[PDB]
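Listed in order, the protein sequences are those of chains A and B.
Just so we're aligned, residue 1 is where the first sequence starts under the deposited numbering, counting upward by one.
Just so we're aligned, residue 1 is where the second sequence starts under the deposited numbering, counting upward by one.
Note that the Cβ used here is the ideal one computed from N, Cα and C, for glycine as well.
There are 2 protein chains.
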Amino acid sequence: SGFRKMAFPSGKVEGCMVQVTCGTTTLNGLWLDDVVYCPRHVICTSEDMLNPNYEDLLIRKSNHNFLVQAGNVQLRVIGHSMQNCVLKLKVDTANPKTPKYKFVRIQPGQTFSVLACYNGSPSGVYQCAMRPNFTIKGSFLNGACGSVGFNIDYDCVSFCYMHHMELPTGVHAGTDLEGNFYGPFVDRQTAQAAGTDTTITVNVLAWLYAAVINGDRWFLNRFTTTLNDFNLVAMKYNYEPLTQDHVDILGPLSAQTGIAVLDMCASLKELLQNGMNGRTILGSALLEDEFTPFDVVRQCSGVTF
Amino acid sequence: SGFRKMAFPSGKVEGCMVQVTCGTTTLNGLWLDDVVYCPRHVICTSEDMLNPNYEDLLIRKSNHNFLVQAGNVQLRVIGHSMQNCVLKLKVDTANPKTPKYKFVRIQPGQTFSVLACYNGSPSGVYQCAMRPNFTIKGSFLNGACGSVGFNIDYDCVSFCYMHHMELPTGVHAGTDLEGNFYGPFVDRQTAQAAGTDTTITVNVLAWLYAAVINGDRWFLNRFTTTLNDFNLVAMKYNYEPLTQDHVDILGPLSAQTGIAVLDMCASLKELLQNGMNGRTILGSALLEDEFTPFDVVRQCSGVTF
């Protein structure tokens, strides 16, 4: 028992991290087979970032202008190209530590592990949710760009995130591994609005189920509700609307606990309307939304990789 | 910027995890050089655990009763011996993936990463504090015993914890890697009292410094305090007394922020006495005590391994 925010083991990803330098700028890259993927803003000076013409900046660069180091091994760059906001550097050696992998574009509300890296070297690992507004609340200092986010299923790493920027508001924005930003963001040092963020309702419900399984049950009440009634309340509290698809995803947790999903919605409704009265759930004094239904099941059933 | 509960990269430890079976019981082992370390209670049946005579039970075991599997490769046990509460299984092969390592016994209040494993396979990674009462508040299902806790400094893994027991209250107990329990605990399935726990004051202060560095400063005040006065309040709120050693450890964070340590204590005193009034600090509605001063510095300065 117990319930913790748990990251995936990072070993398969650590073996793919490299340092990429282009002139003055160093950041991280991801080495899979004979390609290294990194943020295209590696080619920018501090001044360039205010309004970069990436096509023009890249034209000034040649293969030998990209210094790629994998530990102490210098890779030889034999080609370069830009795909959306990522650079793909073709190298003359396939990464011998390449895991089975996929590139996936994740949905808002899904979770993933981040391996924060500096100068090609892993610093730490933590779990993140993709916010409904397509930001993440990470931990990234200068040099962290090119750090990736991922999920593991069995032996296969699904890469879903590459870190590119910190918005003036202190939240983080990045791309999938095809270089397409999540959200409306661009790789330019400009004020950028993230939308209104909302709480990930299906995740809060999953976490309430986790709480019951662990024996934290004070918030269970004698009421039920309907989807439409619940959603009137969700909207007022800037929660995501709950759909039948969400109810369906919660089915296994409903079955384990014997608590109908709409009964748990009525418990959540009371918590929203009345607050938590200084009480805690699973060691938290706020409603936690960074655990997916699958996360809860995984942790409550001991799935391994 | 941003501040997250961040675990160490687990790759060096993943390469050391194996499965150990003895009869009906399977749990995890740690393979370093030509020794596999695991909880000695692997040799117990469910019934044995109620009141085991480990010396007698081990005598009835032979090398060939211990099935040790590293992925799909069967290792061959050529010896067994017991050190305190850990079993050392001598194997005929040195682990080729053995990292530089030390065995360390950590102090209450210190933090470490846990690699939760099942059947010798890594499941997830999270950061834990050793509570003042020598428990940990982990996440461990059936089969997690033998999972280890560790820190990394540069290239060296310092193992500090091996998981043994879930107490009837749902908190966790375990040993250093020489098999000595942290706290008063024993490897017997019996009711066992944990101390009164307390909050790790120096860690709360470190986290308040982390908050300031990250731009959360509402809780700062121009009140002052003395160590003796502060400690009168700490005692009332079941906080650990703060010593000059603790003040000294917070010195670098004091210097970075320009906030004297006793000024931060006066801020903490107000938070304890008056509560947080529905406000948050670093995304938390409670005072967080699982970040050490060194953890804060590490994360705020981007140290890598």
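For a quick check, are the C-beta atoms of residue i and residue j less than 8 Å apart?
{"i": "residue 120 of chain A", "j": "residue 63 of chain A", "result": "no"}
{"i": "residue 14 of chain B", "j": "residue 122 of chain A", "result": "no"}
{"i": "residue 143 of chain A", "j": "residue 130 of chain A", "result": "no"}
{"i": "residue 176 of chain B", "j": "residue 132 of chain B", "result": "no"}
{"i": "residue 7 of chain A", "j": "residue 126 of chain A", "result": "yes"}
{"i": "residue 34 of chain A", "j": "residue 93 of chain A", "result": "yes"}
{"i": "residue 174 of chain B", "j": "residue 162 of chain B", "result": "yes"}
{"i": "residue 42 of chain B", "j": "residue 77 of chain B", "result": "no"}
{"i": "residue 296 of chain A", "j": "residue 210 of chain A", "result": "yes"}
{"i": "residue 156 of chain B", "j": "residue 100 of chain B", "result": "yes"}
{"i": "residue 193 of chain B", "j": "residue 135 of chain B", "result": "no"}
{"i": "residue 232 of chain B", "j": "residue 202 of chain B", "result": "no"}
{"i": "residue 147 of chain A", "j": "residue 115 of chain A", "result": "yes"}
{"i": "residue 292 of chain A", "j": "residue 262 of chain A", "result": "no"}
{"i": "residue 178 of chain A", "j": "residue 172 of chain A", "result": "no"}
{"i": "residue 279 of chain A", "j": "residue 218 of chain A", "result": "yes"}
{"i": "residue 237 of chain A", "j": "residue 286 of chain A", "result": "no"}
{"i": "residue 300 of chain A", "j": "residue 213 of chain A", "result": "yes"}
{"i": "residue 75 of chain A", "j": "residue 68 of chain A", "result": "yes"}
{"i": "residue 269 of chain A", "j": "residue 230 of chain A", "result": "yes"}
{"i": "residue 5 of chain A", "j": "residue 283 of chain B", "result": "no"}
Whose C-alpha, out of the options, is nearest the C-alpha of residue i?
{"i": "residue 281 of chain B", "options": "B:178, B:11 and B:205", "result": "B:205"}
{"i": "residue 90 of chain A", "options": "A:272, A:304, A:80 and A:98", "result": "A:80"}
{"i": "residue 247 of chain B", "options": "B:260, B:290 and B:223", "result": "B:260"}
{"i": "residue 47 of chain B", "options": "B:188, B:195 and B:203", "result": "B:188"}
{"i": "residue 257 of chain A", "options": "A:215, A:117 and A:84", "result": "A:215"}
{"i": "residue 113 of chain B", "options": "B:95, B:153, B:98 and B:97", "result": "B:153"}
{"i": "residue 159 of chain A", "options": "A:39, A:22 and A:30", "result": "A:30"}
{"i": "residue 22 of chain B", "options": "B:38, B:105, B:32 and B:16", "result": "B:38"}
{"i": "residue 224 of chain B", "options": "B:116, B:234 and B:266", "result": "B:266"}
{"i": "residue 16 of chain B", "options": "B:98, B:53, B:1 and B:85", "result": "B:98"}
{"i": "residue 199 of chain A", "options": "A:253, A:239 and A:228", "result": "A:239"}
{"i": "residue 102 of chain A", "options": "A:128, A:298 and A:12", "result": "A:12"}
{"i": "residue 65 of chain A", "options": "A:228, A:51 and A:24", "result": "A:24"}
{"i": "residue 164 of chain A", "options": "A:180, A:149, A:145 and A:151", "result": "A:145"}
{"i": "residue 141 of chain A", "options": "B:284, B:3, B:283 and B:52", "result": "B:3"}
{"i": "residue 302 of chain B", "options": "A:185, A:151 and A:118", "result": "A:118"}
{"i": "residue 50 of chain A", "options": "A:304, A:111, A:137 and A:186", "result": "A:186"}
{"i": "residue 104 of chain B", "options": "B:44, B:221 and B:151", "result": "B:151"}
{"i": "residue 111 of chain B", "options": "B:82, B:149, B:83 and B:95", "result": "B:149"}
{"i": "residue 72 of chain A", "options": "A:264, A:18 and A:137", "result": "A:18"}
{"i": "residue 82 of chain B", "options": "B:106, B:54 and B:96", "result": "B:54"}
{"i": "residue 290 of chain A", "options": "A:128, A:106 and A:61", "result": "A:128"}
Please list the partners that residue i has in chain D, where partner means a Cβ-to-Cβ separation under 8 Å.
{"i": "residue 116 of chain B", "result": "Any reference to chain D falls outside this structure, whose protein chains are A and B."}
Check the Cβ of residue i against every Cβ in chain B and list those closer than 8 Å, keeping chain order.
{"i": "residue 172 of chain A", "result": "2"}
{"i": "residue 147 of chain A", "result": "Chain B residues near residue 147 of chain A: none, gap ~11 Å exceeds 8 Å."}
For a contact defined as C-beta to C-beta under 9 Å, what are the partners of residue i on chain B?
{"i": "residue 158 of chain A", "result": "Within chain B, no residue comes near residue 158 of chain A; the closest Cβ sits about 16 Å away, beyond 9 Å."}
{"i": "residue 166 of chain A", "result": "1 and 2"}
Going along chain A, which residues have a C-beta under 7 Å from residue i?
{"i": "residue 141 of chain B", "result": "302"}
{"i": "residue 62 of chain B", "result": "Those do not exist, as residue 62 of chain B stays about 29 Å from chain A at its closest Cβ, beyond 7 Å."}
{"i": "residue 99 of chain B", "result": "Those do not exist, as residue 99 of chain B stays about 11 Å from chain A at its closest Cβ, beyond 7 Å."}
Exercise for the section: Return the residues of the stretch 34 to 55 of chain B that lie within a Cβ-Cβ distance of less than 9 Å from chain A, sorted by chain order. Expected result: none
Practice task
For the stretch 264 to 289 of chain A, enumerate the residues whose C-beta is nearer than 9 Å to any C-beta of chain B, in chain order.
Solution key: 275, 276, 278, 280, 283, 284, 285 and 286
Problem - Selection of the stretch 120 to 139 of chain B by Cβ proximity to chain A, strictly under 7 Å - result: Of all residues in the stretch 120 to 139 of chain B, only 121, 122, 123, 124, 125, 126, 137, 138 and 139 place a beta-carbon less than 7 Å from a beta-carbon of chain A.
Practice task
May I have a chain-ordered list of the alpha helix (DSSP H) segments no shorter than 4 residues that lie completely inside the stretch 21 to 84 of chain B?
Solution key: Inside the stretch 21 to 84 of chain B, DSSP marks whole alpha helix (DSSP H) runs of 4 or more residues at positions 54 to 59, from first to last along the chain.
Handout entry: beta strand (DSSP E) segments (min. 3 residues) lying fully within the stretch 94 to 131 of chain A
Key = 100 to 103, 111 to 118 and 121 to 129
Exercise for the section: Using a Cβ-Cβ cut-off of less than 7 Å, give me the residues of the stretch 291 to 305 of chain B that come near chain A, in sequence order. Expected result: 299, 302, 303, 304 and 305
Practice task
Scan the stretch 145 to 186 of chain B and note each continuous beta strand (DSSP E) run of 3 residues or more that stays entirely inside, going in chain order.
Solution key: Entirely contained in the stretch 145 to 186 of chain B, the beta strand (DSSP E) runs reaching 3 residues are, in chain order, 148 to 153, 156 to 166 and 172 to 175.
Problem - Interface positions of the stretch 194 to 228 of chain B facing chain A (Cβ-Cβ less than 9 Å), listed along the chain - result: 214 and 215
Practice task
Taking only beta carbons into account, state which residues of the stretch 8 to 19 of chain A come closer than 9 Å to chain B, listed in chain order.
Solution key: 8, 9, 10, 11, 12, 13, 14 and 15
Exercise for the section: Within the stretch 181 to 266 of chain A, note down every full alpha helix (DSSP H) run reaching 4 residues or more, in order along the chain. Expected result: 201 to 213, 227 to 236, 244 to 249 and 251 to 257
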